[PDB]
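Trainee: My structure is below; once you've seen it, I'll send some questions.
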Amino acid sequence: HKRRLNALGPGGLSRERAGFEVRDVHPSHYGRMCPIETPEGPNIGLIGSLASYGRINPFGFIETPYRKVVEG
DNA sequence: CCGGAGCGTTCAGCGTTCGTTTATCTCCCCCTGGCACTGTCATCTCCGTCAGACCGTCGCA
């Protein structure tokens, strides 16, 4: 419940306004939003749990850590 | 051997006390009316439906 990101609410995308494209798993969700767990009721994909290693920008974008690779 | 006294019950004279009303006196509620320097145009809505149809509407042809 602490980690849930809720796409609904005031000033947000409502359930009647939801479509297939916004519910589905995007390739950019890797490390930023869990593709597995989400409420399986009427709001599939809209509410989703943050990833384990996810961090949040000051702006509000979700980061994820990667090890730098130099010269192989 | 009835006669009287005492006792049981049951009623007519006036004498007081109730049952139910009435207008007057405080406290409160409720509605209409007064305010006189000037003061003369608000308000945020609404977006990441949605899916296509039904329909009238409307300017171009």
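How things are named: the first chain in the structure tokens is A, the next is B, and so on; residues count from 1 in each chain; ligands count from 1 in the order shown.
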Per DSSP on the backbone, what are the strand (DSSP E) residues of region 4-72 of chain A, as JSON, numbers by chain?
Mentor: {"A": [4, 5, 6, 47, 48, 49, 55, 56, 62, 63]}
Trainee: Within 12 Å of chain A, which residues of chain B are there when counting only C-alpha atoms (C1' of nucleotides)? Please give them as a PyMOL selection string.
Mentor: chain B and resi 46-51
Trainee: Just want the 12 Å neighbourhood of residue 54 (chain A), counted on only C-alpha atoms (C1' of nucleotides), with same-chain residues fewer than 2 positions away dropped. Output as a ChimeraX atom specification.
Mentor: /A:3,29-34,49-52,56-57,60-66
Trainee: Separation of CA of residue 47 (chain A) and CA of residue 8 (chain A), in Å?
Mentor: 7.8 Å
Trainee: Check chain A with DSSP on the backbone and list each residue it calls helix (DSSP H, G or I), as a PyMOL selection string.
Mentor: chain A and resi 20-23+27-29
Trainee: Mind giving me the straight-line distance from CA of residue 21 (chain A) to CA of residue 9 (chain A) in Å, one decimal?
Mentor: 18.8 Å
Trainee: From the list A:70, A:42, A:27, A:48, which residue is nearest residue 1 (chain A) when using only C-alpha atoms?
Mentor: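 Of A:70, A:42, A:27, A:48, the one nearest residue 1 (chain A) is A:48, counting only C-alpha atoms.
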Trainee: Suppose you want the space between CA of residue 44 (chain A) and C1' of residue 52 (chain B); what is it in Å?
Mentor: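 Distance reported for this atom pair: 24.7 Å.
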